[PDB]
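# Structure assessment
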Amino acid sequence: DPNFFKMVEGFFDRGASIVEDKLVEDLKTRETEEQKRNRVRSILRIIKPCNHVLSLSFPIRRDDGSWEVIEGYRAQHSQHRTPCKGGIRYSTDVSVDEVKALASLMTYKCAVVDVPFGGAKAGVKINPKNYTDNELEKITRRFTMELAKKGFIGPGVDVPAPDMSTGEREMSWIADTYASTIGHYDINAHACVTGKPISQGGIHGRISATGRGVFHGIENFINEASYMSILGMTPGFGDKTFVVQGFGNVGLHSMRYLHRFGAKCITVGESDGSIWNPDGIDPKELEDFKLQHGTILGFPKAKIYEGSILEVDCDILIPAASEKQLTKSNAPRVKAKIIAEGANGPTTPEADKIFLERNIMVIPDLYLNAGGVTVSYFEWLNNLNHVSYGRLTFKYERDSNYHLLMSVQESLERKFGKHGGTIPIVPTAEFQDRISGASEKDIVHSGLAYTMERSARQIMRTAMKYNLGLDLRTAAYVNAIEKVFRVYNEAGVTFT
Amino acid sequence: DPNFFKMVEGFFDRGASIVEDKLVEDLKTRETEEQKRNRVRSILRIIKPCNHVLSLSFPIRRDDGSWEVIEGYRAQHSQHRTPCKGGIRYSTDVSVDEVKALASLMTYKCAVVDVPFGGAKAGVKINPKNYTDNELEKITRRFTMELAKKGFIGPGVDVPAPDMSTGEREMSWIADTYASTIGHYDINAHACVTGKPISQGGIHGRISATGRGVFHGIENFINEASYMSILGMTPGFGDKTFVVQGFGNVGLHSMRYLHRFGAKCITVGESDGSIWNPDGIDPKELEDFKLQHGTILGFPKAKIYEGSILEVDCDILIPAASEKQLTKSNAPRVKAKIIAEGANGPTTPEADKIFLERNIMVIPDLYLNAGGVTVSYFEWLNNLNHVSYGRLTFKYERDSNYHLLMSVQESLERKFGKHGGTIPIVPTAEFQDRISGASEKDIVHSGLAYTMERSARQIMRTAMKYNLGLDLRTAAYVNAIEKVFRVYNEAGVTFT
Amino acid sequence: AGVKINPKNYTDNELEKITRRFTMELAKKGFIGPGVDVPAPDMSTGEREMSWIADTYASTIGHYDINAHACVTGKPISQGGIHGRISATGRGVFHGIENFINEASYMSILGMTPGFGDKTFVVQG
Amino acid sequence: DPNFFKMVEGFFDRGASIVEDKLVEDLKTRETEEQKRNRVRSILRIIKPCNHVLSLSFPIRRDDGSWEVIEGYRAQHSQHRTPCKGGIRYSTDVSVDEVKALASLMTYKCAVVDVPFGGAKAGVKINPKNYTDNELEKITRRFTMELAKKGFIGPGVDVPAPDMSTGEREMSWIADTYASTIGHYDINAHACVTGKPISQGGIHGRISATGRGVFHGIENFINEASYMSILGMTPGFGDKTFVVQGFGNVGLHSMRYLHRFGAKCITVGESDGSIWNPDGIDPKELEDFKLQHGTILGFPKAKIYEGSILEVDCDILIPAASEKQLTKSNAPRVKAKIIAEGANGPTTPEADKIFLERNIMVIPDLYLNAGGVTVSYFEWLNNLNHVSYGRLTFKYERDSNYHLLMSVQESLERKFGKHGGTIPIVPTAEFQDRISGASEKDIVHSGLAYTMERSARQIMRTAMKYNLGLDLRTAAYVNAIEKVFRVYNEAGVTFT
Ligand SMILES: NC(=O)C1=CN([C@@H]2O[C@H](COP(=O)(O)OP(=O)(O)OC[C@H]3O[C@@H](n4cnc5c(N)ncnc54)[C@H](O)[C@@H]3O)[C@@H](O)[C@H]2O)C=CC1
Ligand SMILES: NC(=O)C1=CN([C@@H]2O[C@H](COP(=O)(O)OP(=O)(O)OC[C@H]3O[C@@H](n4cnc5c(N)ncnc54)[C@H](O)[C@@H]3O)[C@@H](O)[C@H]2O)C=CC1
Ligand SMILES: NC(=O)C1=CN([C@@H]2O[C@H](COP(=O)(O)OP(=O)(O)OC[C@H]3O[C@@H](n4cnc5c(N)ncnc54)[C@H](O)[C@@H]3O)[C@@H](O)[C@H]2O)C=CC1
Ligand SMILES: NC(=O)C1=CN([C@@H]2O[C@H](COP(=O)(O)OP(=O)(O)OC[C@H]3O[C@@H](n4cnc5c(N)ncnc54)[C@H](O)[C@@H]3O)[C@@H](O)[C@H]2O)C=CC1
Ligand SMILES: NC(=O)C1=CN([C@@H]2O[C@H](COP(=O)(O)OP(=O)(O)OC[C@H]3O[C@@H](n4cnc5c(N)ncnc54)[C@H](O)[C@@H]3O)[C@@H](O)[C@H]2O)C=CC1
Ligand SMILES: NC(=O)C1=CN([C@@H]2O[C@H](COP(=O)(O)OP(=O)(O)OC[C@H]3O[C@@H](n4cnc5c(N)ncnc54)[C@H](O)[C@@H]3O)[C@@H](O)[C@H]2O)C=CC1
């Protein structure tokens, strides 16, 4: 509907209009009260826009011998903290304005969850379905060169990741290209990209984790009646029904990772049609037809559903397909109590207005889609430390804990001894799984759940400081802006 | 009026529609006749667009302590031949589309006059008049960094030059910035930029030469009745009156360098008003008020002229102010026989239609504004060879020619001798000026006049090969396209 | 390092135009870098001057270096600093004293008894 | 006897002939069954050969003023995973084919024990004994330059280590040379080489550990009657006699590190003669004459033994001198039950045939000489993390464990208290040594023993999956090949 870039920009102001006041008070100086206001406002006029944008065109030769051109983009929003990150989106609806927007979000999202990165986002006007695997690989390996050739790819400057219509392959084709032209002498060449296969430097839960970040976000608000008492809902996933808008990696892995804890799906909607079954749907069964058919229309254990998922009665609505999915023309027909934006700005500033009036909890992209980022932060480290986590200590930490329990056992016996004879001090079931120390699978699962809780705590803490009620979205930007700001300010806005 | 970028693009097609046929015949291969046509058309779909475009934003602190942001652009059209060049334009009417357009021209212009460069063009949304000399220098030195910081400035990749609202200062501020951050270890750091002051590696006639390129272009068609017989005009500058649209470096130095050979100016028009005097105008006198007043309104020896210069009766119309100056709304009122585009596409595709119907000779930007390029090609060399031209031979070449004349004298005497006694063989007046060899002032003056004639010869030669008559513009693109094409073709369109 | 200068006589817009120029010339000659040489604060400096050195190296040379913010220490917290950056020097002093006062092996010579609750001290500057 | 390079190559096939079948099944795709077979076979035709080989020659000036030339080699086998490693061998029997072979092994060995490195190996036609310490240092420091000068030395590309006829000195001369020409600006310059002295970035147990890797390998099969029931032997080192073929760092430190646990040596053989004493031999006493005499012939507490060590009756035969030591001409006279190849392919494909027929357990170089690699993996890390392991936590981890025991003590007292008064919970003896956390000496000792066990577990696990019985050698390659393969496959075999 509107300029997707200005939409995001319209939000950002809402947050800044608010923090401005307190933000001036924090600022310590001898300036006039108004001059301080002109310091902060000036900085905020620097943060909002993107600093670097690159638009380029490719000659490529097809399989049939004919050439065509390709249009590709790559934006960097903020250099307050490097590297910069973002994904590569293959799509025909790519545009400079969508890229600049999404770049801005990655900058604020990363500040919500305290990961030391800036924001970027790429794009390619292309539809992969129309091209082979020998043409998509001849594009990607050429896209990578031109950027590296101009300083937009690198372990320490900019780091791409997966996004719509990409996967691990495309990341395996970027790595070999950088590492085999420039990275050869760089000891950190495989850190140029995340989302890689396991055999190329990846991480367990690379993709499942996004879905889990969603979950651990929901689980971190459902556990508080402080807000569900407003909604008129009771905590518990065994009591909830949800629907999904599209099957990305978010839609599936968010779906099944819910299904494990009693959350019932009732329908799902792809780009080609919805399908509904009030008795439930089995995501395991769903992957089955996707390998045998490609689409969900034709699934035997569900009824083809006529109408938009957005018009389905449910308890939680998961938009995961694409931004702009929910507008003011249909917001009044939410038919659902919570909305969880797993889709990079599906809603609108108006919808937000509707959903405050209707008392609808909307979970923002921020803090909700920040799972796939932290993980990619753990894959960037893994490849800078050149070692599996904990490998060095698995055997040492294992028995160090076994010599500890013997020091309890033997000191206790020492006093009572014969009183009860010998007192075996042995692990439990789960500690026996965790006695050798942390494995990557465990660091990941935990670090994620930790960050998410830590952050929501900071979010809900300011929403009450300012009494934003359900307007969580604004509650987030305030934290982001408040952090980013400190960096430019303390930094001496420029080095000129 | 229209998309300045598409305008240029609409032209480019006109030329390609024509050369296509012959271009296929030149192409040697075993493909089918149609397949060859799909080879050339595919390439032509690669040439037309720009390959790299960069949009960036700057935080800068003013003198009053307040920050503002600045929007800057830099396009590279073609890498068929490096370095890439183009100027830096300071103006508030800067836009991505103007930059991409002008970049394309520099690519074709440089191929008309056979200089081994590609095309670029920069821009900055700014009005210098509103800023100090301590703010313009704090912008420029920051603009330079960000680009170099991303691989768009360098002796061997990209080389900026002056353009509207800039000069030698700004080039003195770019050099010291590159040479003092990156160029330190590069032996060719001062070749990163042209248009420099003399004391920093410049060239005599740096700026006057553009005006002269104009002249030597006109002089290379006025000398042929083959075309002025159509116009109904007689050769000779002592017989011509001309007007000028704006006083850049083109408007002045083109004006006075004409005045030397009997070409009479009757008016001139700045951004603030025209001024007309049918008895003539003295450009020497004109620089006088410009140092004492700034504008031409108020000049005592000319009458303030009410109306657009474009509505003045004359023999030659020199648009030099800015593109788009002459459109279809006023083209029918040309009131002039020749037009000489010293202004980067002042006219339109429609105007061209009008001016063919009216039998009006239009001299294209191409081949006409290519003076300031060749010179900048001689300044890039001067600074790669690290020596004044000819210095090594001035004394050797001087007497070598003096020992030659003695070998004539002494051999002649040897036979006749007493017949006439001694036979002094001595230089003339001008050879005595040219006996020591070429000085930079002489290489420049000559190399320029040479190229220009060589090129017009190739231009008029194809215009007759295809019978384009007065449509010189299309006659140029055909040569350009025909050259550029050979490069992509023979090169193996890509290295992927 | 060193600079013949008295900061008190200069503004904050002149001290920052010095520092950012000092940094260049050295880096320009191989005396600043994460792996070659690393400056820190000393008399008459602080965290500001370290915030002006970082942005200058990172914005000319460090751009491609993944370790650009390691070129300097004493930075502000928001630029890669550490808790107790400055308080710790004082504490190092303390933990040094505390590590000899705890031994009569030497205070028996001095004729003093262990214990800070029993001591008076003075400070020079 | 045969082409040492083809020998290794003949093995590699044996393993690939086997895994091929299962390897195709793992491969998931839509290709034809035969096409998949042509995918795997093609890859296996890529793995087997070495990718880079460098042969170079040096002019060096001796002490007597006379020059001579030197021939040096450096091979890199696989770039599937960088850095590449291998040692520098000074010897007159160096050849391109020996280097390519050994390089291949290092590639497979490193995959057995899961260290992220490839394979390399160097060489120099030289006999150190004939040259001074001022000539060997003038060679080494020149060898290093030429390679670095061509991209074969570096923390992130290639990393040399010690081997036959070298030591820590030569590594101290390589470091100062790289760090003082190229490494100056590299923060990781001391990671260019391993095997360094302690004061230059080395590790405790640098060299002793190889011997221990041997031990921990033997100890990991002797502990299982599953295989010694075949051999007809009983577990226990206090019950075993062994002999050693040469005194490298392996022969000594493997010998004494056995002697600690009741393993009796009966003879040993150097390049100049054997020596036997059935009552035992004292390795401490053995270092004594080596400092006072150089050779073992003349040792008072042992009888000079006439004949090859390989002809000695024993229980375990440790070849440590040099490859090819045991052939088919003498294999039938093994006179020993287990053989443990600490010597980079002492045996042959035929001997293997003999030793399967004779039911002789042969422990392969792979998994047995992989001690000196893991350690060098811990020295490469130490020097990338720029810190002693654990330093940061010794004091924190120490009392954190002391505040833990008080939380047991105080909670127990809290309930029982007076029942038994105070209940001192204090460490044991050894935990008091391990309460402050891990020191490098402890990480090393443990990490080594861990890896070795983990790996043998994987080895014996597949030998039973395929029923290879005693043919452990083939059981190893299958794992290696199975790992390496996944990397090329998932990687998109090439980036072209
Ligand atoms: N191409 C490269 O340089 C890559 C290196 N790595 C390294 O591996 C670590 C993370 O992954 P891993 O620890 O490997 O995964 P991991 O922690 O699950 O265990 C190692 C795995 O990598 C494979 N592997 C190990 N050594 C190998 C070798 N020499 N050849 C072929 N495959 C081998 C094994 O199949 C094993 O499953 C990082 O510390 C990084 O240094 C990881 C990915 C790519
Ligand atoms: N996949 C990821 O790693 C991440 C995804 N996201 C967000 O999650 C959303 C979905 O996940 P992705 O894997 O990125 O996408 P995806 O690559 O899984 O594709 C989305 C799926 O939804 C369907 N779809 C597309 N347009 C639709 C429409 N208008 N209505 C209904 N269904 C439609 C398509 O069939 C497609 O298979 C995206 O929009 C993206 O913004 C955000 C961060 C990371
Ligand atoms: N900063 C730099 O490195 C520059 C070097 N040059 C060099 O000069 C040549 C072109 O210009 P020139 O030949 O110099 O102009 P030129 O050919 O007119 O004669 C040399 C001029 O440069 C000045 N000059 C010569 N040596 C000088 C010195 N040691 N210190 C100060 N000024 C000096 C003199 O005033 C003289 O007028 C090029 O070959 C280039 O190598 C030119 C410009 C800048
Ligand atoms: N100056 C150069 O080195 C080159 C200039 N050109 C072309 O020549 C033209 C003029 O020369 P430059 O020195 O670039 O410009 P300039 O920087 O000399 O400025 C043009 C002058 O014309 C006047 N003017 C501006 N807009 C006008 C309008 N709409 N109507 C009438 N007068 C106006 C202004 O007062 C200004 O002083 C430019 O448009 C440019 O496209 C092309 C190549 C090189
Ligand atoms: N030349 C270099 O840059 C080297 C640096 N190292 C550093 O040391 C660590 C590993 O070895 P260490 O921890 O040193 O061994 P370590 O862990 O046993 O303890 C430090 C030892 O290094 C020596 N040492 C420490 N600081 C020193 C200084 N300023 N001058 C002279 N000698 C000093 C001491 O004798 C001490 O025994 C690595 O983290 C690495 O960063 C190690 C070897 C060479
Ligand atoms: N030393 C090391 O770090 C490593 C050694 N190895 C293997 O271990 C073996 C021995 O250890 P290194 O220290 O490398 O060798 P080394 O440098 O200790 O020398 C081997 C010793 O064995 C003796 N010897 C040489 N040729 C002999 C022959 N034909 N018969 C009997 N004795 C002979 C020599 O006197 C020499 O002192 C080598 O062959 C090598 O392949 C493998 C990996 C690492």
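As annotated in the PDB entry, chain A carries the name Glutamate dehydrogenase 1, mitochondrial and comes from Bos taurus. The title field of the PDB entry reads "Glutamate dehydrogenase in complex with NADH, closed conformation". Recorded under Subunit (literature references left out), the UniProt text for chain A is reproduced unchanged: "Homohexamer. Interacts with HADH; this interaction inhibits the activation of GLUD1 (By similarity)."

The PDB entry lists chain C under the name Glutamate dehydrogenase 1, mitochondrial, from Bos taurus.

Bringing the interface of chain A and chain D into the picture now. Between chain A and chain D, the residue contacts involve 31 residues of the former and 49 residues of the latter. For the pairing of chain A and chain D, the buried interface totals around 3400 Å² over both sides, and the portion due to carbon and sulfur atoms is 61%. Among the residues chain A hides against chain D, the three largest losses belong to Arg391(A), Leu392(A) and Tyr396(A). Together they make up 21% of the total. Of the charged contacts in the structure, one is a salt bridge between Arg434(D) and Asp399(A), with a shortest N-O distance of 2.5 Å. Taken together, the connections running from chain A to chain D amount to 17 residue pairs in polar contact. Contributions of two or more residues to the side of chain A that touches chain D are made by α5 (168-179) and α12 (394-415) of chain A.

All names here are of chain B. Of all ten residues in strand β2 (residues 67-76), seven are buried, a share of seventy percent or more. If you look at the hairpin formed by strand β1 (residues 52-61) and β2, you'll find five residues sitting between the two strands, and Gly65 has a positive phi there, around 85 degrees. When β2 meets strand β5 (residues 118-125), the two strands line up antiparallel, connected through five bridges. Counterpart to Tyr73 in the pairing with β5 is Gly123.

It is worth spelling out the UniProt feature "binding site: GTP" in chain A at this point. Residues and elements named next belong to chain A. With numbering matched to this structure, UniProt assigns "binding site: GTP" to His204, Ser208, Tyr257 and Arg260. Here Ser208 is to be found in helix α6 (residues 208-222). A relative accessible area of 16% places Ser208 in the buried class. Assignment of secondary structure puts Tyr257 in helix α8 (residues 249-259). On the basis of relative accessibility, which here comes to 9%, the residue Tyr257 falls in the buried class.

Residues and elements named next belong to chain D. The local shell around ligand 6 holds 19 residues, among which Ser165, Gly248, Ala320, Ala321 and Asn344 are the closest. The contact in question runs from a nitrogen atom of ligand 6 to an N or O atom on the side chain of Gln245, over 3.4 Å. In the environment of ligand 6, an oxygen atom lies 3.3 Å from a nitrogen or oxygen atom belonging to the backbone of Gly248. Here ligand 6 has 800 Å² of accessible area as a free molecule, and 74% of this is covered by the chains. Grouping the amino acids of the shell around ligand 6 by side-chain chemistry returns five nonpolar, eleven polar and three charged. Residue contributions to the shell around ligand 6 reach at least three from each of two domains, namely domain 2 (52-200) and domain 3 (201-496).

All names here are of chain A. Per the domain assignment, the segments of chain A are domain 1 (1-51), domain 2 (52-200) and domain 3 (201-496). Look at where the C-alpha atoms of domain 1 and domain 2 centre, and you get two points 30 Å apart. Interface of domain 1 and domain 2: buried area, both sides summed, is about 1000 Å²; carbon and sulfur atoms make up 66% of it. In terms of surface lost to domain 2, no three residues of domain 1 exceed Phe4, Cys50 and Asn51, which account for 54% of the buried area on that side.

Attention now moves to the relation of the copies chain A and chain D. Screw-axis analysis of chain A against chain D gives a translation of 0.0 Å along the axis, an RMSD of 0.0 Å, and a rotation angle of 120 degrees. The relationship between the two copies is best expressed as a three-fold rotation axis. Looking at the interface residues of chain A, only 10% of them are also at the interface in chain D, so each copy uses its own face.

Thresholds, definitions, all that
Residues numbered from 1 in each chain as written, not as in the entry; some residues may be left out. Chains lettered and ligands numbered in written order. Part of a larger assembly, values for the part shown. Heavy atoms only, no water. UniProt positions renumbered as here; feature names shortened; annotations may be inferred. Contact = heavy atoms within 4.5 Å. Buried area = accessible area lost by both parts, 1.4 Å probe. Salt bridge = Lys/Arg side-chain N within 4 Å of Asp/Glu carboxyl O. Polar contact = N/O pair within 3.5 Å; in protein donor to acceptor, adjacent residues only side chain to side chain. Helix = DSSP H or I, 4+ residues; strand = E, 2+ residues; numbered from the N terminus. Buried < 20%, exposed > 50% of the residue type's maximum accessible area, 1.4 Å probe, protein only. Pairing = 2+ DSSP bridges. Near = heavy atom within 4 Å. Areas by Shrake-Rupley, 256 points an atom, 1.4 Å probe, with all protein chains shown as cover. Nonpolar A, V, L, I, M, F, W, Y, C, P; charged D, E, K, R; others polar. Domains from an automatic or database assignment. Least-squares fit on C-alpha atoms.

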